[PDB]
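Residue numbers (the deposited numbering), protein chains in the order written: chain E, 214 to 381, 389 to 465; chain A, 2 to 381, 389 to 465; chain B, 2 to 381, 390 to 465; chain D, 214 to 381, 389 to 465.
Note that CB positions come from ideal geometry on N, CA and C, so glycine has one too.
Right, one structure below, let's go through it.
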Amino acid sequence: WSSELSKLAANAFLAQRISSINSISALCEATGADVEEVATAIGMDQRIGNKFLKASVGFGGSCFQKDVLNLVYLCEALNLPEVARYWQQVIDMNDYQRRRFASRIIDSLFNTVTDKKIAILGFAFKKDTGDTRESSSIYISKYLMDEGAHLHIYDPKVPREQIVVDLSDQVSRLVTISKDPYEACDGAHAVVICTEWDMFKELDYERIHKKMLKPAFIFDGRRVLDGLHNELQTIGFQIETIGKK
Amino acid sequence: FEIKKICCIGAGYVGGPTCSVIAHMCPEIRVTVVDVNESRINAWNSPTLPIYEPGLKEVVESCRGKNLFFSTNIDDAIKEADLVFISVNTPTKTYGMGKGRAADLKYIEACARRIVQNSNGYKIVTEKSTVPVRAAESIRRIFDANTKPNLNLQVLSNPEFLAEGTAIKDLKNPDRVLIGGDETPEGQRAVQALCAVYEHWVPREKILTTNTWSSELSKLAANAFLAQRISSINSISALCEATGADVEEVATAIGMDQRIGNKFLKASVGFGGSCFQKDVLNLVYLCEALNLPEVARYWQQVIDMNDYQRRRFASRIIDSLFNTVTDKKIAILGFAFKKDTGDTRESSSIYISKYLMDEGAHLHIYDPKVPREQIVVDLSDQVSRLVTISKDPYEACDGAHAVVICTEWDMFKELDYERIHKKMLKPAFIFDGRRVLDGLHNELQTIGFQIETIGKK
Amino acid sequence: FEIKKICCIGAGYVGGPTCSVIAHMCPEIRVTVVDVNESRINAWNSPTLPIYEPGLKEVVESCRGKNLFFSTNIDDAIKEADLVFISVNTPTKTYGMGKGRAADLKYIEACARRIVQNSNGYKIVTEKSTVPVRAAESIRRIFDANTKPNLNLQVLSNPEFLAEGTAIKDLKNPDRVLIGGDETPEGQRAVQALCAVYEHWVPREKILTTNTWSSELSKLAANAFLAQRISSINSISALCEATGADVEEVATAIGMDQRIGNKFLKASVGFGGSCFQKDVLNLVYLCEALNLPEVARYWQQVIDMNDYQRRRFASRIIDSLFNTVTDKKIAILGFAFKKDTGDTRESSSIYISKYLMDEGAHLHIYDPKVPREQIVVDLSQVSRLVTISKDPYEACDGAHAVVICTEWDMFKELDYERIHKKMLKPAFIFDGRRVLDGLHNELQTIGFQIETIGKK
Amino acid sequence: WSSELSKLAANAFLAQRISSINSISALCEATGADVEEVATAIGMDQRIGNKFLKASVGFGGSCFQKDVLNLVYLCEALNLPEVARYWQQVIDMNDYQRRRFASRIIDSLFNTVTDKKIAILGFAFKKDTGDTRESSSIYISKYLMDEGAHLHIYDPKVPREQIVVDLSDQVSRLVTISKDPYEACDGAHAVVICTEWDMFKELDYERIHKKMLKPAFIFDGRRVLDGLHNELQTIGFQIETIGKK
Ligand SMILES: O=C1CO[C@H](OP(=O)(O)OP(=O)(O)OC[C@H]2O[C@@H](n3ccc(=O)[nH]c3=O)[C@H](O)[C@@H]2O)[C@H](O)[C@H]1O
Ligand SMILES: O=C1CO[C@H](OP(=O)(O)OP(=O)(O)OC[C@H]2O[C@@H](n3ccc(=O)[nH]c3=O)[C@H](O)[C@@H]2O)[C@H](O)[C@H]1O
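Set out below in structure tokens:
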């Protein structure tokens, strides 16, 4: 039991680190601070550590949410409701972060995305995997699909059939799986980066902007385009990223 | 800058009549109304206009083919225009954020993109609607993001205050004209150019100029104030019914206060139209986005009261008929949302009809101007079984248990109610939701009707 | 029937001015205003009237002692009257059913019983108030149950539409006169008699006659419609401050619609007065009693919005002072619920003051007409935190903020350069009435931070 | 246990009969029927029986409310919440009956009883006892005291000191204990009969009316003045009784 509880707790502590910094990212957006700068100051405390302080659209994977959900469930079964609602906030914050990002996209596109093309760059739950389990891209995609958006989804490693399954009628009408990222962005109103694949930092954003509809939005849900902000603004993109506004 | 050619995208209740009057008052300006809807444009070019507005036919026929034109060629109309009106529909969102509350700007945005694509040089682009909801701000962003060399588009807000059924009189003698534009030299140059158009027939002192947001918020607020006047008097009508007073007498006493005024104090089954509910819903939605929940719930009461008014009216009908109306014939006199229009959008007749259809009633609906096919659509198996559209009001009442007057058409007070009573089933009810059969109450009671009206018991 | 002698029980803001104007306009009618409050009656008989109403002193002094009399002898005034007005106060019930919501009819009933005791023959008894809540019905119930041989009391409803501060002009040129009486020959004879009084100066076409309940309901509704306009424009003022618009410009555009009208569209810290909140509260309470909860919650929003408007102004002041105002001096300019009156009943200044006192502020309150002792009573912590200033420069001397709560014309003419010199910095002006509009540039140049309702 | 459960149930069945007929009394008042006539028709069914069908201001005594409360509590402890709520209605209806009667008194007196004299005739929980435990007269008295009424209470058998105890500063200001019923009614606005003492049928109501304030109300919470309604109305009383209106 101590072995299992230790695993259950360690995963939940990690997921907390993400929800805590994601919560600060929302406060940063609301007050003119930059979550990456705040995270750096936080992480230099050796008692906190500097890992797992990368604000994001939200953590995914088959571990963290499942782990916290089971921790909450175990506590509820043990009549520890105070403990249950403590850890539940880790999930609620992750869900809020995804929802907040999705509605920021919708808000920027004039409160309406029906029949608008939107490129989704990144579908795996993190870079360097084909795993999509609990990927934030699924939730962001579903929020945009529920708003009538036509998604063009590119991921360098997730298989096409997996993406259709993850997003499943409505998938047939609204979801396209692209072979390359330039095809996903061709004629798009907005590009939403959901997974921090290194190849996204190196895309030809000059070429992408030319063939996008204007105003051309990039929604960087992973902070992967930091330092390109100047170059991207000069190209003419309106860049919105988590934890900065 | 002098506006000599006007293009209006949208040949509806706003765009059509507004541009027809401009052409009428500005003989030296060429006014071309365009629309994607070919059958609507064809009707504007025909002896039977696509909407019913008193005096509109006379105005259109004095101008059409001289300086007033109707065309489906949107692109070429834009290309030659000095001023482009955008008077398209903004339906309520049916899904997503603001489903059934926020309006859908997708047509405004599509028009803005089409204007830039088809424009060179200097043009003024003016959003004109009864409920402008961030319309000018959206057009501005598309434009700011889609520049061309030597393309110089100015965005104005110019809300339309006309009410349907009195559109022509309202357009020829507006209480005020409201124009919003940027507080820049170019914005003010654009504002003045549009003012110069209206100054052909509107005194300068009745033209208000402001910035674009203040123009749209004034319209949103003005619409909401009017809708409130109705919900307030309708709420008093419920109090009158409960206490033995007469809302029409109470309204007279209220309206003699010059600080309140005596207009828009006519209690009714409930306000309808494409403006008021949409306007308040969008105001509530706007206040929730700005974290003003107290303001949101303040204005929500205007809608809640209107919905209650309709429900209370319907349940009075059902109660009067012993709580069972299955297979009972009921005449619905009036389907338009007000008199002197064929427009049925958000008409209380729809809601009253639907409440009775849910009780299994056989409705026979007569309206002098709403097209039959429109009534069928508004009420849409159940419509096929339960709804009949009558070609005259005596056919609708023949064998009816009850006559429900939902629209204050003047012809309804002139009906031969002795003849109507003879062929109705007894007890024969008249439910007046427009307080129009007033002064006929003694006659109707002598004939043998049970008369029920809003705000009087 | 000809009314030659009028008695008015109640020498307040309604009874005093109304009867003074009647006497002024009807030199052949003897009008006696009576009251249990001897000091109030003494003031009416003095060079310093007990209420401040523009033009009232001139009206009173032209008639008093000729056909206008003020007396504490209620019983004898009733005995000789052809017409008895009842113009007493109806406080909100402080306990029981309708605590804080329902009007307390205890004084109307006591007046009705006293009238029966002291009456013989025929008299017209007319309830006159700004917020009549079943008043005529309760009087009639007493009269029906307390008959005497040859005693014939008729009950009319005659709501009073005057607004304080413009009472005299309103009474001499009313938009309409509303009289309710029974729909019987006796009731109609009484209605006509009262009409004949008003017809000395009011055209007949401006006199509405109806039954007693419709008369009272019309007043309840008319007051609520007015209060709703204020809450509506105040709600828009919050939306304006949140979106960069100016409620005064929006109000102008709205008010040019002749179906809306341009009156009562002045956004403010919130409406006050003994009428509006009481009226809406009683309307809500009435609707709940009639099982009209939808109507009740509709009108409740008028009060809820007014309360929020006050709370939002107070929190703007506290926020501007960086959320600590403990021991900070704040000038309150204006304590009356509107200009040109000394009346403070339900004044927003009370509520704003109390919010600041709850933050530990040291309030220095100046009002040109509200008596100092009234301000102390209204705010009763008062000893520790509240000072009543003799002039506005004393109130602002060393203040962090100046809060204008009442639109007294003198406030826009103050020497604001002098005021700024002696204030602590940053020096804020919080204009809760839009009275400093057009001075905004000058005040900013002087160095003030100006905050006003409906603008940011 | 079966003995104790049998007692708990029998009391609760009796208290239910009262709440059931009291509930019908409210319907009778609202629809123009007479609960006494309806009760007669009901009680002639030999399966219902004709006892304990006397509508009233509400049942009192140390048994019924305590019994139903304990039955409800027992059911809650046994995890029988459906049974608990079912029997709770017996108490809720009794409380509503008292409130409805009290507010009818206040309503008839123009919504205000401050400084008004109300005679309370009957304080025992039923006739022919000095017992006041859970007497409805206590609750009615407290409702009127909370509205500022000056109560003058007469009961032929309840000791003066018990009434003071049952109603307990506010008692000192508002409560008078009268030595005879004519003293209690002297100058009263209303007479509230809460206990069905047979002597209340035999009072000189002509004499009482002469000295009462007008309009003079009698609130018969026990139906003890039935058949005197014509004479009392001729004398000039406004008579309000439970289950008729
Ligand atoms: O800008 C603008 C666009 O919106 C509106 O025009 P509308 O064409 O909707 O017509 P309307 O006269 O207000 O009638 C609205 C509904 O209220 C109902 N209505 C109207 C007046 C009344 O007193 N009682 C009542 O029930 C009508 O019977 C109808 O159902 C603005 O008035 C206009 O200034
Ligand atoms: O019958 C009657 C008795 O009740 C009322 O008279 P009042 O003496 O209460 O004066 P008032 O002019 O309405 O002002 C009320 C409050 O609203 C505030 N107020 C008034 C107008 C405005 O536009 N904005 C605003 O905030 C005032 O600043 C004040 O705080 C009826 O108007 C009268 O017809």
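_Mapping the DSSP letters down to three states, classify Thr-49(A) as helix, strand or coil._
For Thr-49(A), the secondary structure class from DSSP, reduced to helix, strand or coil, is coil.
*To the nearest angstrom, how far is it from the Cα of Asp-440(B) to the Cα of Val-117(A)?*
Distance from the CA of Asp-440(B) to the CA of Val-117(A), rounded to the nearest whole angstrom, comes to 45 Å.
*Cα-Cα, which of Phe-272(D), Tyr-425(D), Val-248(D), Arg-346(D) is closest to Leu-227(D)?*
Just measuring C-alpha positions, the residue of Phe-272(D), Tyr-425(D), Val-248(D), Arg-346(D) sitting nearest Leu-227(D) is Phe-272(D).
_For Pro-369(B), count the other beta carbons within 10 Å of its own beta carbon; 16 or more makes it buried, fewer makes it exposed. Which is it?_
By the 10 Å Cβ count, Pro-369(B) comes out buried.
_Segment contact flag, the region 269-289 of chain A with the region 342-352 of chain A, C-beta cutoff 8 Å, min 3 pairs_ = They touch, by the three-pair rule.
*With which residues is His-409(A) paired in a DSSP beta bridge?*
In the DSSP assignment, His-409(A) is bridged to no other residue.
*Does residue 385(A) get closer than 8 Å to chain B when you measure Cβ to Cβ?*
For residue 385(A), no position is available: the coordinates of chain A end at 381 and pick up again at 389.
*Taking Cβ to Cβ, would you say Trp-214(A) is nearer than 8 Å to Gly-335(A)?*
Their beta carbons are not under 8 Å apart, which means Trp-214(A) does not touch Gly-335(A) by this criterion.
*Where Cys-241(A) and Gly-181(B) are concerned, what is the direct C-alpha to C-alpha distance, given to the nearest angstrom?*
Cα to Cα, the separation comes out at about 16 Å.
*Tell me whether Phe-272(B) counts as near ligand 2, meaning its Cβ is closer than 7 Å to at least one heavy atom of that ligand.*
Set against 7 Å, the gap from the CB of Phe-272(B) to the closest heavy atom of ligand 2 is smaller.
*Relative to the alpha-carbon of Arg-393(B), which residue among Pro-28(B), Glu-128(B), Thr-327(B), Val-248(B) has its alpha-carbon at the smallest distance?*
Taking only the C-alpha atoms, the option nearest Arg-393(B) is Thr-327(B).
*Identify each residue in the region 316-330 of chain D for which the Cβ-Cβ distance to at least one residue of chain B is less than 7 Å, and report them in chain order.*
Going along the region 316-330 of chain D in chain order, one finds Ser-316, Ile-319, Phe-323, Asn-324, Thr-325, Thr-327 with a Cβ nearer than 7 Å to chain B.
*Name the chain A residues whose beta carbon is nearer than 8 Å to that of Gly-361(E)?*
Chain order gives the chain A residues near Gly-361(E) as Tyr-96, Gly-97, where near means a beta carbon separation below 8 Å.
*May I ask whether a heavy atom of ligand 2 can be found less than 7 Å away from the beta carbon of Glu-161(B)?*
Yes, the beta carbon of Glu-161(B) sits closer than 7 Å to at least one heavy atom of ligand 2.
_Cβ-based burial, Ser-47(A) [other Cβ within 10 Å; buried from 16]_ = So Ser-47(A) counts as exposed.
*Which same chain residues, not among the five before or five after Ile-428(E), have their C-beta less than 6 Å away from its C-beta?*
Counting only Cβ-Cβ distances below 6 Å, and skipping sequence neighbours, we find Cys-405.
_Where the beta strand (DSSP E) containing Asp-418(B) begins and where it ends_ = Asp-418(B) -> no beta strand (DSSP E), and no H or E assigned at all.
*So is the beta-carbon of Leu-227(A) under 7 Å away from any non-hydrogen atom of ligand 1?*
Yes; taking the cut-off as 7 Å, the Cβ of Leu-227(A) has a heavy atom of ligand 1 nearer than that.
*The beta strand (DSSP E) enclosing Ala-332(D), as first and last residue numbers*: For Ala-332(D), the enclosing beta strand (DSSP E) covers residues 330-334.
*Would you kindly report the start and end of the unbroken alpha helix (DSSP H) that includes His-25(A)?*
From DSSP, the alpha helix (DSSP H) with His-25(A) extends over 16-26.
*asked:* On the DSSP bridge list, what partners appear for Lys-124(B)?
replied: Looking at the DSSP output, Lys-124(B) bridges to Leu-154(B).
_At least three beta-carbon pairs within less than 8 Å, the region 285-303 of chain B to the region 293-302 of chain A_ = Using a C-beta cut-off of 8 Å, the region 285-303 of chain B makes contact with the region 293-302 of chain A, since at least three inter-stretch Cβ pairs fall below that distance.
*What residues from chain B crowd round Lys-430(D), counting only those whose CB sits closer than 8 Å?*
Simply none; closest approach about 13 Å.
*Taking three-plus beta-carbon pairs below 8 Å as touching, is the region 228-248 of chain E in contact with the region 304-313 of chain E?*
Yes, the region 228-248 of chain E is in contact with the region 304-313 of chain E.
_Using a 10 Å radius around the Cβ and a threshold of 16 neighbouring Cβ atoms, would you call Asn-283(B) buried or exposed?_
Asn-283(B) is buried by the Cβ-count criterion.
*asked:* Which of the three DSSP states is assigned to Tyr-108(B) in this structure?
replied: In this structure, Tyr-108(B) counts as helix in the three-state DSSP scheme.
*Measuring only between beta-carbons, confirm whether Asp-247(B) sits less than 8 Å from chain A.*
Answer yes: the Cβ-Cβ gap between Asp-247(B) and chain A drops below 8 Å somewhere.
*May I ask you to report which of helix, strand or coil DSSP gives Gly-181(B)?*
Three-state DSSP puts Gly-181(B) in a strand.
*Less than 7 Å between the CB of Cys-288(A) and some heavy atom of ligand 1, yes or no?*
No, ligand 1 has no heavy atom inside 7 Å of this Cβ.
*asked:* At a threshold of 7 Å, does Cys-241(B) count as lining ligand 2 (C-beta to nearest heavy atom)?
replied: In terms of side-chain proximity, the C-beta atom of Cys-241(B) is found no nearer than 7 Å to any non-hydrogen atom of ligand 2.
*Say whether chain A places a C-beta atom closer than 8 Å to the C-beta of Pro-435(E).*
Contact with chain A is found for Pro-435(E), since one of that chain's Cβ atoms lies less than 8 Å from the residue's Cβ.
*Residues of chain E with a CB under 8 Å from the CB of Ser-139(A): which are they?*
The contacting residues are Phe-323.
*In the DSSP assignment, find the alpha helix (DSSP H) that holds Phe-144(B) and state where it starts and stops.*
Looking at the DSSP string, the run of the alpha helix (DSSP H) that includes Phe-144(B) is 136-146.
*Flag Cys-276(B) as yes when its Cβ comes closer than 7 Å to any non-hydrogen atom of ligand 2, and as no otherwise.*
Checking the 7 Å criterion, the Cβ of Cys-276(B) is within range of a heavy atom belonging to ligand 2.
*Check whether the Cβ of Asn-224(B) lies closer than 7 Å to any heavy atom of ligand 2, and answer yes or no.*
In this structure, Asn-224(B) has its beta carbon less than 7 Å from a heavy atom of ligand 2.
_Would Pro-92(A) and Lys-129(A) be called neighbours here (beta carbons separated by less than 8 Å)?_
No, the pair does not count as a contact, with Cβ atoms beyond the cut-off.
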